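Inspection log for the structure reproduced underneath, given as structure tokens.
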Amino acid sequence: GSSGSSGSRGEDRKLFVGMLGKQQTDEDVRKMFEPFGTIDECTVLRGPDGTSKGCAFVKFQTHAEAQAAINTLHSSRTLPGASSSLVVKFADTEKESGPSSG
């Protein structure tokens with residue numbers, strides 16, 4: 001009842017996608033994630049042989065849009081030859097936490 005789903009911690013547009021296949025690329029993911037918002041920055045994590053390690057970061061135009069995707073995309077479909085479904089969850093960027101004076 002207009003409550004429950006909405007409410008996630010981590011104010012960060014960027015998102016961490018997993019369970020990706022060599023077939024799926026920035027193009028697919030982008031056009032596949034766009035349907036849930038306008039993407040601005042999309043980078044895929046690959047190795048030396050341009051092989052999709054199985055993860056990619058997505059940066060929507062706004063947070064609201066970011067959550068939208070996950071809400072659904074998250075464990076939604078099961079890309080070809082992929083153990084689990086499309087694992088979509090907010091991403092985390094190195095931070096600086098610690099004592100203020102010392």
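Each chain of the structure tokens is named A, B, ... in the order shown, its residues numbered from 1; ligands are numbered from 1 in display order.
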_Sel. of strand (DSSP E or B) residues, segment 54-98 of chain A, as a PyMOL selection string_ = chain A and resi 54-60+88-90
_Could you list, as a PyMOL selection string, every residue within 7 Å of segment 90-101 of chain A, counting only C-alpha atoms and ignoring same-chain residues fewer than 3 positions away?_
chain A and resi 14-16
Could you dump the residues just selected with N, CA and C atoms as a PDB file, in the first residue's frame?
ATOM      1  N   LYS A  14      25.071   5.829  -9.272  1.00  0.00           N
ATOM      2  CA  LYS A  14      25.801   4.678  -9.787  1.00  0.00           C
ATOM      3  C   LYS A  14      25.232   3.377  -9.228  1.00  0.00           C
ATOM      4  N   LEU A  15      25.235   2.333 -10.049  1.00  0.00           N
ATOM      5  CA  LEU A  15      24.721   1.032  -9.636  1.00  0.00           C
ATOM      6  C   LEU A  15      25.678  -0.085 -10.038  1.00  0.00           C
ATOM      7  N   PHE A  16      25.626  -1.194  -9.308  1.00  0.00           N
ATOM      8  CA  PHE A  16      26.487  -2.336  -9.589  1.00  0.00           C
ATOM      9  C   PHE A  16      25.681  -3.497 -10.163  1.00  0.00           C
TER      10      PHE A  16
END
*asked:* Using only C-alpha atoms, which protein or nucleic acid residues come within 8 Å of residue 37 of chain A? Drop anything in the same chain fewer than 5 positions from it, and give the result as a VMD selection string.
replied: chain A and resid 60 to 62 65 to 66 68 to 69
*Please provide as JSON, numbers by chain all residues within 7 Å of residue 52 of chain A, with the sequence filter that same-chain residues fewer than 2 positions apart are discarded (counting only C-alpha atoms).*
{"A": [21, 22, 45, 46, 50, 54]}
*With only C-alpha atoms as the basis for distance, which of A:73, A:32, A:64, A:42 is at the shortest distance from residue 87 of chain A?*
A:73
*Using only C-alpha atoms, pick whichever of A:102, A:18, A:7, A:35 has the shortest atom-to-atom distance to residue 85 of chain A.*
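Answer, going by the shortest atom-to-atom distance: A:18.
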*asked:* Can you pull out every residue from segment 24-101 of chain A that DSSP, working from the backbone, puts in alpha helix (DSSP H), and format the result as a ChimeraX atom specification?
replied: /A:26-33,63-73
Residues from last step as file, N, CA, C and O atoms, as a PDB file, in the first residue's frame:
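Saved the output as selection14.pdb:
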ATOM      1  N   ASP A  26      27.802  -2.893 -23.080  1.00  0.00           N
ATOM      2  CA  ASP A  26      27.337  -1.543 -22.788  1.00  0.00           C
ATOM      3  C   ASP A  26      26.072  -1.222 -23.577  1.00  0.00           C
ATOM      4  O   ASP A  26      25.141  -0.611 -23.052  1.00  0.00           O
ATOM      5  N   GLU A  27      26.047  -1.636 -24.840  1.00  0.00           N
ATOM      6  CA  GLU A  27      24.897  -1.389 -25.701  1.00  0.00           C
ATOM      7  C   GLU A  27      23.634  -2.019 -25.118  1.00  0.00           C
ATOM      8  O   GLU A  27      22.649  -1.329 -24.857  1.00  0.00           O
ATOM      9  N   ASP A  28      23.675  -3.331 -24.916  1.00  0.00           N
ATOM     10  CA  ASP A  28      22.536  -4.054 -24.363  1.00  0.00           C
ATOM     11  C   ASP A  28      22.147  -3.494 -22.998  1.00  0.00           C
ATOM     12  O   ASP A  28      21.039  -2.990 -22.814  1.00  0.00           O
ATOM     13  N   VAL A  29      23.066  -3.587 -22.043  1.00  0.00           N
ATOM     14  CA  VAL A  29      22.821  -3.090 -20.694  1.00  0.00           C
ATOM     15  C   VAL A  29      22.250  -1.676 -20.725  1.00  0.00           C
ATOM     16  O   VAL A  29      21.254  -1.383 -20.061  1.00  0.00           O
ATOM     17  N   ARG A  30      22.886  -0.804 -21.499  1.00  0.00           N
ATOM     18  CA  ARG A  30      22.441   0.579 -21.617  1.00  0.00           C
ATOM     19  C   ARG A  30      20.988   0.647 -22.078  1.00  0.00           C
ATOM     20  O   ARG A  30      20.130   1.192 -21.382  1.00  0.00           O
ATOM     21  N   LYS A  31      20.719   0.090 -23.253  1.00  0.00           N
ATOM     22  CA  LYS A  31      19.371   0.085 -23.807  1.00  0.00           C
ATOM     23  C   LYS A  31      18.439  -0.778 -22.964  1.00  0.00           C
ATOM     24  O   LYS A  31      17.217  -0.659 -23.053  1.00  0.00           O
ATOM     25  N   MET A  32      19.024  -1.646 -22.144  1.00  0.00           N
ATOM     26  CA  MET A  32      18.244  -2.527 -21.283  1.00  0.00           C
ATOM     27  C   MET A  32      17.953  -1.859 -19.943  1.00  0.00           C
ATOM     28  O   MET A  32      16.987  -2.205 -19.262  1.00  0.00           O
ATOM     29  N   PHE A  33      18.794  -0.900 -19.570  1.00  0.00           N
ATOM     30  CA  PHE A  33      18.626  -0.184 -18.310  1.00  0.00           C
ATOM     31  C   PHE A  33      17.973   1.176 -18.540  1.00  0.00           C
ATOM     32  O   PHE A  33      17.388   1.756 -17.627  1.00  0.00           O
ATOM     33  N   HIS A  63      18.725   9.609  -9.022  1.00  0.00           N
ATOM     34  CA  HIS A  63      18.544   8.493  -8.099  1.00  0.00           C
ATOM     35  C   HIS A  63      17.203   7.806  -8.335  1.00  0.00           C
ATOM     36  O   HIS A  63      17.151   6.618  -8.653  1.00  0.00           O
ATOM     37  N   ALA A  64      16.120   8.560  -8.178  1.00  0.00           N
ATOM     38  CA  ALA A  64      14.780   8.022  -8.375  1.00  0.00           C
ATOM     39  C   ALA A  64      14.753   7.025  -9.529  1.00  0.00           C
ATOM     40  O   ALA A  64      14.142   5.961  -9.427  1.00  0.00           O
ATOM     41  N   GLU A  65      15.416   7.377 -10.626  1.00  0.00           N
ATOM     42  CA  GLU A  65      15.466   6.512 -11.798  1.00  0.00           C
ATOM     43  C   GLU A  65      16.298   5.264 -11.520  1.00  0.00           C
ATOM     44  O   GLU A  65      15.956   4.166 -11.954  1.00  0.00           O
ATOM     45  N   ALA A  66      17.396   5.443 -10.791  1.00  0.00           N
ATOM     46  CA  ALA A  66      18.278   4.333 -10.452  1.00  0.00           C
ATOM     47  C   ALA A  66      17.514   3.224  -9.738  1.00  0.00           C
ATOM     48  O   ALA A  66      17.532   2.069 -10.167  1.00  0.00           O
ATOM     49  N   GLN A  67      16.843   3.580  -8.646  1.00  0.00           N
ATOM     50  CA  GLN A  67      16.075   2.613  -7.873  1.00  0.00           C
ATOM     51  C   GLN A  67      15.052   1.900  -8.753  1.00  0.00           C
ATOM     52  O   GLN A  67      14.891   0.683  -8.672  1.00  0.00           O
ATOM     53  N   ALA A  68      14.364   2.668  -9.592  1.00  0.00           N
ATOM     54  CA  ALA A  68      13.359   2.111 -10.488  1.00  0.00           C
ATOM     55  C   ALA A  68      13.843   0.805 -11.110  1.00  0.00           C
ATOM     56  O   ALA A  68      13.214  -0.240 -10.950  1.00  0.00           O
ATOM     57  N   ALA A  69      14.962   0.875 -11.823  1.00  0.00           N
ATOM     58  CA  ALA A  69      15.531  -0.303 -12.468  1.00  0.00           C
ATOM     59  C   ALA A  69      15.663  -1.460 -11.484  1.00  0.00           C
ATOM     60  O   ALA A  69      14.990  -2.482 -11.621  1.00  0.00           O
ATOM     61  N   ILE A  70      16.531  -1.291 -10.494  1.00  0.00           N
ATOM     62  CA  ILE A  70      16.750  -2.322  -9.486  1.00  0.00           C
ATOM     63  C   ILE A  70      15.430  -2.942  -9.038  1.00  0.00           C
ATOM     64  O   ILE A  70      15.236  -4.152  -9.137  1.00  0.00           O
ATOM     65  N   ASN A  71      14.525  -2.102  -8.547  1.00  0.00           N
ATOM     66  CA  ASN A  71      13.223  -2.566  -8.085  1.00  0.00           C
ATOM     67  C   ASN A  71      12.729  -3.734  -8.934  1.00  0.00           C
ATOM     68  O   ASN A  71      12.152  -4.691  -8.419  1.00  0.00           O
ATOM     69  N   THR A  72      12.959  -3.647 -10.240  1.00  0.00           N
ATOM     70  CA  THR A  72      12.538  -4.694 -11.162  1.00  0.00           C
ATOM     71  C   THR A  72      13.735  -5.481 -11.685  1.00  0.00           C
ATOM     72  O   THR A  72      13.943  -6.636 -11.312  1.00  0.00           O
ATOM     73  N   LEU A  73      14.520  -4.848 -12.550  1.00  0.00           N
ATOM     74  CA  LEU A  73      15.698  -5.489 -13.125  1.00  0.00           C
ATOM     75  C   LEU A  73      16.353  -6.427 -12.116  1.00  0.00           C
ATOM     76  O   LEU A  73      16.820  -7.509 -12.472  1.00  0.00           O
TER      77      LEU A  73
END
*Compare A:58, A:23, A:1, A:53 by their minimum atom-to-atom distance to residue 40 of chain A, counting only C-alpha atoms, and give me the closest one.*
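Nearest to residue 40 of chain A: A:58.
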*Pick from A:13, A:88, A:41, A:36: nearest to residue 76 of chain A, with only C-alpha atoms counted?*
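Checking each candidate against residue 76 of chain A, we get A:88 as the closest.
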*At what distance in Å, to one decimal, does atom CA of residue 19 of chain A lie from atom CA of residue 81 of chain A?*
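Distance between the two atoms: 9.2 Å.
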